[PDB]
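Colleague: What follows is data.csv, CSV, C-alpha atoms and all ligand atoms.
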```
chain,number,residue,atom,x,y,z
A,5,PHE,CA,115.5,86.9,92.2
A,6,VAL,CA,113.0,89.5,91.0
A,7,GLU,CA,114.4,92.6,89.5
A,8,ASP,CA,116.4,94.3,92.3
A,9,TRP,CA,115.2,91.8,95.1
A,10,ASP,CA,116.7,88.5,96.2
A,11,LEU,CA,114.2,85.9,97.4
A,12,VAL,CA,116.1,84.6,100.5
A,13,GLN,CA,113.7,82.3,102.4
A,14,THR,CA,110.3,80.8,102.7
A,15,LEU,CA,108.1,82.6,105.2
A,16,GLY,CA,104.9,80.6,104.7
A,17,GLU,CA,103.1,78.4,102.2
A,18,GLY,CA,99.5,78.3,100.8
A,19,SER,CA,97.1,77.2,98.2
A,20,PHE,CA,99.3,78.2,95.2
A,21,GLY,CA,100.2,81.4,97.3
A,22,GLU,CA,103.7,81.2,98.9
A,23,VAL,CA,105.3,84.0,100.8
A,24,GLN,CA,109.1,84.8,100.6
A,25,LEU,CA,111.5,87.1,102.5
A,26,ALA,CA,112.8,89.5,99.8
A,27,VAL,CA,115.9,91.7,100.3
A,28,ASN,CA,116.9,94.5,98.0
A,29,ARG,CA,120.6,94.0,96.8
A,30,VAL,CA,121.1,97.8,96.3
A,31,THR,CA,119.5,99.1,99.5
A,32,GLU,CA,119.2,96.0,101.9
A,33,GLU,CA,115.6,96.8,102.8
A,34,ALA,CA,113.7,93.6,103.5
A,35,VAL,CA,110.0,93.1,102.6
A,36,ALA,CA,107.7,90.1,102.0
A,37,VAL,CA,106.5,88.9,98.6
A,38,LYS,CA,103.7,86.7,97.8
A,39,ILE,CA,104.1,84.5,94.8
A,40,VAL,CA,101.0,83.4,93.0
A,41,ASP,CA,100.3,82.1,89.5
A,51,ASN,CA,90.3,87.2,91.4
A,52,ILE,CA,93.8,88.3,92.3
A,53,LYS,CA,92.8,91.5,90.3
A,54,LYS,CA,90.3,92.1,93.1
A,55,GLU,CA,92.8,91.3,95.8
A,56,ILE,CA,95.3,93.8,94.4
A,57,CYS,CA,92.6,96.4,94.1
A,58,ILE,CA,91.7,96.0,97.8
A,59,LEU,CA,95.4,95.9,98.9
A,60,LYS,CA,96.0,99.3,97.2
A,61,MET,CA,93.3,100.8,99.4
A,62,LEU,CA,95.0,99.8,102.7
A,63,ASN,CA,96.7,102.5,104.7
A,64,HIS,CA,96.7,101.9,108.5
A,65,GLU,CA,99.2,100.9,111.1
A,66,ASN,CA,97.3,97.7,112.1
A,67,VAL,CA,96.8,96.5,108.5
A,68,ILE,CA,99.5,95.0,106.2
A,69,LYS,CA,100.8,97.5,103.7
A,70,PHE,CA,101.0,96.9,100.0
A,71,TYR,CA,104.2,98.1,98.1
A,72,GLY,CA,103.3,96.9,94.5
A,73,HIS,CA,103.2,94.1,92.1
A,74,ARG,CA,105.0,92.6,89.1
A,75,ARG,CA,103.8,89.9,86.7
A,76,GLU,CA,106.6,87.7,85.2
A,77,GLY,CA,104.9,85.4,82.8
A,78,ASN,CA,102.5,83.2,84.8
A,79,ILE,CA,103.8,84.3,88.3
A,80,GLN,CA,102.5,87.5,90.0
A,81,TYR,CA,104.6,88.9,92.8
A,82,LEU,CA,102.8,91.0,95.5
A,83,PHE,CA,105.2,93.1,97.5
A,84,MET,CA,104.0,93.6,101.0
A,85,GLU,CA,105.1,94.7,104.4
A,86,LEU,CA,107.2,92.3,106.3
A,87,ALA,CA,105.9,91.3,109.8
A,88,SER,CA,109.1,90.0,111.3
A,89,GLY,CA,107.5,89.0,114.6
A,90,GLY,CA,105.5,86.2,112.9
A,91,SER,CA,101.9,85.4,113.8
A,92,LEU,CA,99.7,85.8,116.8
A,93,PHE,CA,99.1,82.1,116.4
A,94,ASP,CA,102.6,81.4,117.6
A,95,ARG,CA,102.1,83.5,120.7
A,96,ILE,CA,99.2,81.5,122.0
A,97,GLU,CA,100.2,78.7,124.2
A,98,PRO,CA,97.9,75.7,123.8
A,99,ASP,CA,95.6,75.2,126.7
A,100,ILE,CA,96.9,78.4,128.4
A,101,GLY,CA,96.6,81.4,126.1
A,102,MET,CA,98.6,84.3,127.0
A,103,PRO,CA,98.8,86.9,129.8
A,104,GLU,CA,95.6,88.9,129.9
A,105,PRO,CA,97.4,92.3,129.4
A,106,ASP,CA,99.1,91.1,126.2
A,107,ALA,CA,95.7,89.7,125.0
A,108,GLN,CA,94.0,93.1,125.7
A,109,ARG,CA,96.6,95.0,123.8
A,110,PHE,CA,96.4,92.7,120.8
A,111,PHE,CA,92.6,93.0,121.0
A,112,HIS,CA,92.8,96.8,121.0
A,113,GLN,CA,95.0,96.7,117.9
A,114,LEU,CA,92.8,94.2,116.2
A,115,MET,CA,89.7,96.4,116.8
A,116,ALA,CA,91.6,99.4,115.5
A,117,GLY,CA,92.3,97.5,112.3
A,118,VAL,CA,88.8,96.2,111.9
A,119,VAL,CA,87.3,99.7,112.4
A,120,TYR,CA,89.6,100.9,109.7
A,121,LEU,CA,88.6,98.2,107.3
A,122,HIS,CA,85.0,98.6,108.0
A,123,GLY,CA,85.2,102.4,107.6
A,124,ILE,CA,86.6,102.0,104.1
A,125,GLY,CA,83.8,99.4,103.4
A,126,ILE,CA,86.1,96.3,103.3
A,127,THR,CA,85.2,93.1,105.2
A,128,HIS,CA,88.2,90.7,105.8
A,129,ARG,CA,86.1,87.5,106.2
A,130,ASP,CA,88.9,85.3,107.6
A,131,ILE,CA,90.1,86.8,110.9
A,132,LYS,CA,92.0,84.2,112.9
A,133,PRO,CA,95.4,84.1,114.6
A,134,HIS,CA,97.3,82.8,111.6
A,135,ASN,CA,96.3,86.0,109.7
A,136,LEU,CA,97.2,88.4,112.5
A,137,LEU,CA,100.9,89.2,112.1
A,138,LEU,CA,103.3,91.0,114.4
A,139,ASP,CA,106.0,93.6,113.6
A,140,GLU,CA,109.2,93.8,115.5
A,141,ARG,CA,107.7,95.8,118.3
A,142,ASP,CA,104.8,93.4,118.5
A,143,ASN,CA,102.3,95.6,116.8
A,144,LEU,CA,99.5,93.5,115.2
A,145,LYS,CA,98.7,93.7,111.6
A,146,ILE,CA,95.7,92.2,109.9
A,147,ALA,CA,97.1,90.2,106.9
A,148,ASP,CA,95.7,88.2,103.9
A,149,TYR,CA,93.2,89.9,101.7
A,150,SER,CA,92.5,87.0,99.4
A,151,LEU,CA,89.0,86.5,100.9
A,152,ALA,CA,88.3,90.1,101.5
A,153,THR,CA,85.4,92.0,99.7
A,154,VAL,CA,83.6,95.3,99.5
A,155,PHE,CA,80.4,95.5,101.5
A,156,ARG,CA,79.8,99.2,101.3
A,157,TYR,CA,80.1,101.4,98.2
A,158,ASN,CA,78.8,104.9,97.6
A,159,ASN,CA,77.5,104.7,101.1
A,160,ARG,CA,75.2,101.7,100.3
A,161,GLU,CA,75.6,98.5,102.1
A,162,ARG,CA,75.4,95.2,100.3
A,163,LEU,CA,74.5,92.0,102.1
A,164,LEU,CA,76.9,89.0,101.6
A,165,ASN,CA,75.8,85.5,100.4
A,166,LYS,CA,79.1,83.6,99.8
A,167,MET,CA,80.3,81.2,102.4
A,168,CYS,CA,83.9,81.9,103.4
A,169,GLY,CA,86.2,81.8,106.3
A,170,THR,CA,87.3,79.0,108.6
A,171,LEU,CA,84.6,77.0,110.4
A,172,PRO,CA,85.6,77.5,114.1
A,173,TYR,CA,85.8,81.3,113.5
A,174,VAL,CA,82.7,81.7,111.4
A,175,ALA,CA,79.6,83.3,112.7
A,176,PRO,CA,76.4,81.2,112.9
A,177,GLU,CA,74.3,83.3,110.5
A,178,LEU,CA,76.7,82.3,107.7
A,179,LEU,CA,75.7,78.7,108.1
A,180,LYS,CA,71.9,79.6,108.5
A,181,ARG,CA,71.0,82.6,106.4
A,182,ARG,CA,70.8,83.2,102.7
A,183,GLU,CA,72.1,86.7,103.2
A,184,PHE,CA,73.7,88.4,106.1
A,185,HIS,CA,75.5,91.6,107.1
A,186,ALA,CA,79.3,91.7,106.8
A,187,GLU,CA,80.3,93.6,109.9
A,188,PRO,CA,78.8,91.3,112.6
A,189,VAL,CA,80.6,88.3,111.0
A,190,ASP,CA,84.0,90.0,111.4
A,191,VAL,CA,83.1,91.0,115.0
A,192,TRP,CA,82.1,87.4,115.8
A,193,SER,CA,85.5,86.1,114.6
A,194,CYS,CA,87.3,88.8,116.8
A,195,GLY,CA,85.5,87.2,119.8
A,196,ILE,CA,86.8,83.7,118.8
A,197,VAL,CA,90.2,85.2,118.5
A,198,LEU,CA,89.9,86.7,121.9
A,199,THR,CA,88.7,83.4,123.3
A,200,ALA,CA,91.8,81.7,121.9
A,201,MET,CA,94.2,84.3,123.3
A,202,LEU,CA,92.7,83.9,126.8
A,203,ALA,CA,92.2,80.2,126.9
A,204,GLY,CA,94.5,78.7,124.3
A,205,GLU,CA,91.7,76.6,122.8
A,206,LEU,CA,88.8,77.1,120.4
A,207,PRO,CA,85.4,76.7,121.9
A,208,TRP,CA,83.7,74.6,119.0
A,209,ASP,CA,84.3,73.2,115.7
A,210,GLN,CA,81.5,75.2,114.3
A,211,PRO,CA,78.7,77.4,115.6
A,212,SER,CA,75.8,75.0,114.9
A,213,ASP,CA,73.2,73.6,117.2
A,214,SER,CA,74.3,70.1,116.4
A,215,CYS,CA,77.6,70.9,118.0
A,216,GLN,CA,77.4,70.2,121.7
A,217,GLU,CA,80.0,72.8,122.9
A,218,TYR,CA,78.0,75.6,121.0
A,219,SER,CA,74.8,74.4,122.6
A,220,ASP,CA,76.4,74.4,126.0
A,221,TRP,CA,77.5,78.1,125.4
A,222,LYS,CA,74.0,79.1,124.5
A,223,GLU,CA,72.8,77.5,127.7
A,224,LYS,CA,75.4,79.5,129.6
A,225,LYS,CA,77.4,76.6,130.9
A,226,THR,CA,80.4,78.7,131.7
A,227,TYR,CA,81.7,76.2,134.3
A,228,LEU,CA,83.0,74.3,131.3
A,229,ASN,CA,86.2,75.0,129.3
A,230,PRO,CA,87.3,77.2,127.7
A,231,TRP,CA,85.1,79.7,129.6
A,232,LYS,CA,86.2,78.6,133.1
A,233,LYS,CA,89.7,79.7,132.3
A,234,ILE,CA,88.5,83.2,131.5
A,235,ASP,CA,88.2,86.0,134.1
A,236,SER,CA,84.7,87.4,134.6
A,237,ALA,CA,85.4,90.8,133.0
A,238,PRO,CA,86.6,89.5,129.5
A,239,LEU,CA,84.0,86.8,129.7
A,240,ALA,CA,81.2,89.4,130.0
A,241,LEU,CA,82.5,90.9,126.8
A,242,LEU,CA,82.5,87.5,125.1
A,243,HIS,CA,78.9,87.1,126.2
A,244,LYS,CA,78.1,90.2,124.1
A,245,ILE,CA,80.1,89.3,121.1
A,246,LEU,CA,79.3,85.6,120.7
A,247,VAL,CA,75.5,86.2,120.5
A,248,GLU,CA,73.8,84.1,117.9
A,249,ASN,CA,71.4,86.7,116.4
A,250,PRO,CA,73.6,89.1,114.5
A,251,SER,CA,71.4,92.1,115.1
A,252,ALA,CA,71.6,91.7,118.9
A,253,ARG,CA,75.3,91.1,118.8
A,254,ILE,CA,77.4,94.0,120.1
A,255,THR,CA,79.0,96.4,117.6
A,256,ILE,CA,82.4,97.8,117.7
A,257,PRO,CA,81.4,101.3,119.0
A,258,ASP,CA,79.8,99.4,121.9
A,259,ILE,CA,82.8,97.1,122.4
A,260,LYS,CA,84.9,100.3,122.9
A,261,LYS,CA,82.7,101.1,126.0
A,262,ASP,CA,83.0,97.7,127.5
A,263,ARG,CA,84.4,97.5,131.0
A,264,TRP,CA,87.2,95.0,130.3
A,265,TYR,CA,88.1,96.8,127.1
A,266,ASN,CA,88.8,100.0,129.1
A,267,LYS,CA,90.4,98.2,132.2
A,268,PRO,CA,93.9,99.3,132.9
A,269,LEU,CA,96.1,96.1,132.9
A,270,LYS,CA,99.8,95.4,133.8
B,301,LIG,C1,110.4,87.2,109.3
B,301,LIG,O1,109.0,87.4,109.0
B,301,LIG,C2,108.3,86.3,109.3
B,301,LIG,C3,108.7,85.3,110.0
B,301,LIG,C4,107.9,84.2,110.2
B,301,LIG,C5,108.4,83.0,111.0
B,301,LIG,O2,108.2,83.0,112.2
B,301,LIG,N1,109.1,82.0,110.5
B,301,LIG,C6,109.6,82.1,109.0
B,301,LIG,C7,109.4,80.8,108.4
B,301,LIG,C8,110.2,79.7,109.1
B,301,LIG,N2,110.2,78.4,108.4
B,301,LIG,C9,109.3,78.3,107.3
B,301,LIG,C10,109.5,77.1,106.4
B,301,LIG,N3,110.9,77.0,106.0
B,301,LIG,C11,111.2,75.9,105.0
B,301,LIG,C12,111.8,76.9,107.2
B,301,LIG,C13,111.6,78.2,108.0
B,301,LIG,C14,109.5,79.6,110.5
B,301,LIG,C15,109.6,80.9,111.3
B,301,LIG,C16,106.6,84.2,109.7
B,301,LIG,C17,106.1,85.3,109.0
B,301,LIG,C18,107.0,86.3,108.7
B,301,LIG,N4,106.6,87.5,108.0
B,301,LIG,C19,105.5,87.6,107.2
B,301,LIG,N5,105.3,88.8,106.8
B,301,LIG,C20,104.3,89.1,106.0
B,301,LIG,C21,103.5,88.0,105.6
B,301,LIG,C22,103.8,86.7,106.0
B,301,LIG,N6,104.8,86.5,106.8
B,301,LIG,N7,103.0,85.7,105.6
B,301,LIG,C23,103.7,84.4,105.4
B,301,LIG,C24,101.7,85.7,105.8
B,301,LIG,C25,101.1,84.6,106.6
B,301,LIG,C26,99.8,84.6,106.8
B,301,LIG,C27,98.9,85.6,106.2
B,301,LIG,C28,99.5,86.6,105.5
B,301,LIG,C29,100.8,86.6,105.3
B,301,LIG,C30,101.4,87.7,104.4
B,301,LIG,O3,100.7,88.1,103.5
B,301,LIG,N8,102.6,88.3,104.6
B,301,LIG,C31,102.9,89.3,103.6
B,302,CL,CL,94.2,78.0,119.6
```
Would it be possible to restate this file's structure as structure tokens?
Modeller:
Amino acid sequence: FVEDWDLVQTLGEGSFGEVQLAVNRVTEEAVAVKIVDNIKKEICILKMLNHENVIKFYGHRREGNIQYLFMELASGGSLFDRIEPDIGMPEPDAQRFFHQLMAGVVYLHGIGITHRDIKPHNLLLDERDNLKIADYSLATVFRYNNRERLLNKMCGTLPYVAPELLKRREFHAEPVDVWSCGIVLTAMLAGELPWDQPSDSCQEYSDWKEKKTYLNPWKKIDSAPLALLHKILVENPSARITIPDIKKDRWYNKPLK
């Protein structure tokens, strides 16, 4: 239905941003295409992306009102669908996905991009279960010409968002993305999100800051990954662990089945 490609089936919906499976009549190659009708910026960021744990951009076509963004197809679906509610997933799978997630985030941060909405719905799987960080509609540049800019816009998804974003006028980009990786890791290992939002008026968040790890979800989590979560989910962003230091963590380097 667009030039050489047939639009075969709906892969996912969105806020005026639907994604279709697209197959080339000539060559049979299947990709994914996002149909939308701001996106200049998104396209600009998408064209920068070249890494095995990040979704690839193939190109775009405007056809009147509708813009078509042609992107890598992740035929394994989302990480969201591999997480069993109240259980999670086997720790070795969770570690491998975490490794890949960190590789993606290091890449993005190294090109000065912050994703700002890391969560299991946006973490897609290829056919060999390699994880790909997808959806750059909230992404932005936080480093340009080697100069950092602080962020001030609120975005993300509350249960994944770092607390400084609810409390500070301006904050550093990178620790926000790290925080959301720790909520992802929590979800993979326990099959449940720990709080609705990281605010002191939220009892489960208060409980975590008082170290009540005999409660859920923390009691489902082995002590080694939990020690890593204690370094990631730290309320002050300048004391929170950085990715270089995550890579030296004991669990991160533990050999697992
Ligand atoms: C075959 O490739 C995929 C399969 C599935 C999947 O598991 N489905 C397909 C949809 C299916 N139902 C959907 C509703 N329909 C009426 C009945 C069938 C349920 C099962 C989900 C995603 C697939 N691939 C895919 N790759 C790249 C993405 C992307 N998704 N989307 C939708 C994204 C989702 C979140 C964030 C980013 C993306 C994205 O940008 N792309 C390009
Ligand atoms: Cl969950």
Colleague: Got a sec to check which residues lie within 12 Å of ligand CL 302 (chain B), using all atoms listed in the file, and send them as a VMD selection string?
Modeller: chain A and resid 92 to 102 132 to 134 172 to 173 196 to 209 230
Colleague: With all atoms listed in the file as the atoms that count, which of A:131, A:11, A:79, A:254 lies nearest to residue 152 of chain A?
Modeller: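 That would be A:131, the residue with the smallest distance to residue 152 of chain A.
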Colleague: In Å, how far is it from atom CA of residue 119 of chain A to atom CA of residue 255 of chain A?
Modeller: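 So the answer is 10.3 Å.
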Colleague: Of the candidates A:35, A:246, A:194, A:239, which shows the shortest atom-to-atom distance to ligand LIG 301 (chain B), using only C-alpha atoms and all ligand atoms?
Modeller: A:35
Colleague: Which residue out of A:163, A:265, A:222, A:32 has the minimum interatomic distance to residue 113 of chain A when only C-alpha atoms are used?
Modeller: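 Nearest candidate to residue 113 of chain A out of A:163, A:265, A:222, A:32: A:265.
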Colleague: Find the spatial neighbours of residue 213 of chain A, counting all atoms listed in the file, within a cut-off of 12 Å - ignore same-chain residues fewer than 5 positions away - and output them as a VMD selection string.
Modeller: chain A and resid 176 to 177 179 to 180 208 218 to 223 248
Colleague: Could you turn the residues from that selection into a file that holds C-alpha atoms, as a compact mmCIF listing (two decimals), in the frame of the given file?
Modeller:
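Result saved to again_16.txt:
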```
# COMPACT_ATOMS: atom_id res chain seq x y z
CA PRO A 176 76.40 81.20 112.90
CA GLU A 177 74.30 83.30 110.50
CA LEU A 179 75.70 78.70 108.10
CA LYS A 180 71.90 79.60 108.50
CA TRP A 208 83.70 74.60 119.00
CA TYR A 218 78.00 75.60 121.00
CA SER A 219 74.80 74.40 122.60
CA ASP A 220 76.40 74.40 126.00
CA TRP A 221 77.50 78.10 125.40
CA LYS A 222 74.00 79.10 124.50
CA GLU A 223 72.80 77.50 127.70
CA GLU A 248 73.80 84.10 117.90
```
Colleague: Which of these, A:61, A:256, A:151, A:114, has the shortest distance to ligand LIG 301 (chain B) once you count all atoms listed in the file?
Modeller: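 For ligand LIG 301 (chain B), the nearest of the candidates is A:151.
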Colleague: Once you count all atoms listed in the file, which residues end up within 9 Å of ligand LIG 301 (chain B), and could you hand them over as a ChimeraX atom specification?
Modeller: /A:13-18,22-25,35-38,68-70,82-91,94,133-139,146-149
Colleague: Show me as a ChimeraX atom specification the residues that reach within 10 Å of (96.9, 87.7, 89.4), counting all atoms listed in the file and using the file's own coordinates.
Modeller: /A:39-41,51-56,73-75,78-82
Colleague: Output C-alpha atoms for every residue in that selection, as a PDB file, in the coordinates of the input.
Modeller:
```
ATOM      1  CA  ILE A  39     104.100  84.500  94.800  1.00  0.00           C
ATOM      2  CA  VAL A  40     101.000  83.400  93.000  1.00  0.00           C
ATOM      3  CA  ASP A  41     100.300  82.100  89.500  1.00  0.00           C
ATOM      4  CA  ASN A  51      90.300  87.200  91.400  1.00  0.00           C
ATOM      5  CA  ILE A  52      93.800  88.300  92.300  1.00  0.00           C
ATOM      6  CA  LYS A  53      92.800  91.500  90.300  1.00  0.00           C
ATOM      7  CA  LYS A  54      90.300  92.100  93.100  1.00  0.00           C
ATOM      8  CA  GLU A  55      92.800  91.300  95.800  1.00  0.00           C
ATOM      9  CA  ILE A  56      95.300  93.800  94.400  1.00  0.00           C
ATOM     10  CA  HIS A  73     103.200  94.100  92.100  1.00  0.00           C
ATOM     11  CA  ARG A  74     105.000  92.600  89.100  1.00  0.00           C
ATOM     12  CA  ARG A  75     103.800  89.900  86.700  1.00  0.00           C
ATOM     13  CA  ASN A  78     102.500  83.200  84.800  1.00  0.00           C
ATOM     14  CA  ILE A  79     103.800  84.300  88.300  1.00  0.00           C
ATOM     15  CA  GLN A  80     102.500  87.500  90.000  1.00  0.00           C
ATOM     16  CA  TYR A  81     104.600  88.900  92.800  1.00  0.00           C
ATOM     17  CA  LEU A  82     102.800  91.000  95.500  1.00  0.00           C
TER      18      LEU A  82
END
```
Colleague: State, in Å with one decimal place, the distance from atom CA of residue 191 of chain A to atom CA of residue 270 of chain A.
Modeller: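 Calculated distance between atom CA of residue 191 of chain A and atom CA of residue 270 of chain A is 25.5 Å.
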Colleague: With distances taken over only C-alpha atoms, which of A:167, A:12, A:67, A:154 is nearest to residue 118 of chain A?
Modeller: A:67
Colleague: Could you tell me how far atom CA of residue 264 of chain A sits from atom CA of residue 224 of chain A, in Å to one decimal place?
Modeller: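 These atoms are spaced 19.5 Å apart.
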Colleague: Fewer than 4 positions away in the same chain doesn't count, so skip those; otherwise give me all residues within 10 Å of residue 157 of chain A, counting only C-alpha atoms, as a ChimeraX atom specification.
Modeller: /A:124-126,161-162
Colleague: Write the residues you've just listed into a file as a PDB file, in the frame of the given file, and include C-alpha atoms for each of them.
Modeller:
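Below is the file result_10.pdb, written as the result:
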```pdb
ATOM      1  CA  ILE A 124      86.600 102.000 104.100  1.00  0.00           C
ATOM      2  CA  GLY A 125      83.800  99.400 103.400  1.00  0.00           C
ATOM      3  CA  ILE A 126      86.100  96.300 103.300  1.00  0.00           C
ATOM      4  CA  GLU A 161      75.600  98.500 102.100  1.00  0.00           C
ATOM      5  CA  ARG A 162      75.400  95.200 100.300  1.00  0.00           C
TER       6      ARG A 162
END
```
Colleague: Measuring between all atoms listed in the file, which one of A:34, A:189, A:164, A:107 shows the shortest distance to residue 130 of chain A?
Modeller: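 Smallest distance to residue 130 of chain A is found for A:189.
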Colleague: Please provide the set of residues having any atom within 12 Å of residue 30 of chain A, restricted to all atoms listed in the file, with same-chain residues fewer than 6 positions apart removed, written as a list in words.
Modeller: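 Skipping anything fewer than 6 positions along the chain leaves residues 7, 8, 9 and 10 of chain A.
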Colleague: Next, dump the selected residues to file, keeping only C-alpha atoms, as an mmCIF file, in the coordinates of the input.
Modeller:
```cif
data_model
loop_
_atom_site.group_PDB
_atom_site.id
_atom_site.type_symbol
_atom_site.label_atom_id
_atom_site.label_comp_id
_atom_site.auth_asym_id
_atom_site.auth_seq_id
_atom_site.Cartn_x
_atom_site.Cartn_y
_atom_site.Cartn_z
ATOM 1 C CA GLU A 7 114.400 92.600 89.500
ATOM 2 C CA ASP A 8 116.400 94.300 92.300
ATOM 3 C CA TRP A 9 115.200 91.800 95.100
ATOM 4 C CA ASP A 10 116.700 88.500 96.200
#
```
Colleague: Select, counting all atoms listed in the file, all protein, DNA and RNA residues no farther than 10 Å from (84.8, 91.1, 129.7) in file coordinates, and express the selection as a short mmCIF file (atom, residue, chain, number, x, y, z; two decimals) with C-alpha atoms, in the frame of the given file.
Modeller:
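Written out: out.cif:
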```cif
data_model
loop_
_atom_site.label_atom_id
_atom_site.label_comp_id
_atom_site.auth_asym_id
_atom_site.auth_seq_id
_atom_site.Cartn_x
_atom_site.Cartn_y
_atom_site.Cartn_z
CA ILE A 234 88.50 83.20 131.50
CA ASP A 235 88.20 86.00 134.10
CA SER A 236 84.70 87.40 134.60
CA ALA A 237 85.40 90.80 133.00
CA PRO A 238 86.60 89.50 129.50
CA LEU A 239 84.00 86.80 129.70
CA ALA A 240 81.20 89.40 130.00
CA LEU A 241 82.50 90.90 126.80
CA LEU A 242 82.50 87.50 125.10
CA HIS A 243 78.90 87.10 126.20
CA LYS A 244 78.10 90.20 124.10
CA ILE A 245 80.10 89.30 121.10
CA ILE A 259 82.80 97.10 122.40
CA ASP A 262 83.00 97.70 127.50
CA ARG A 263 84.40 97.50 131.00
CA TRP A 264 87.20 95.00 130.30
CA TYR A 265 88.10 96.80 127.10
CA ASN A 266 88.80 100.00 129.10
CA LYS A 267 90.40 98.20 132.20
#
```
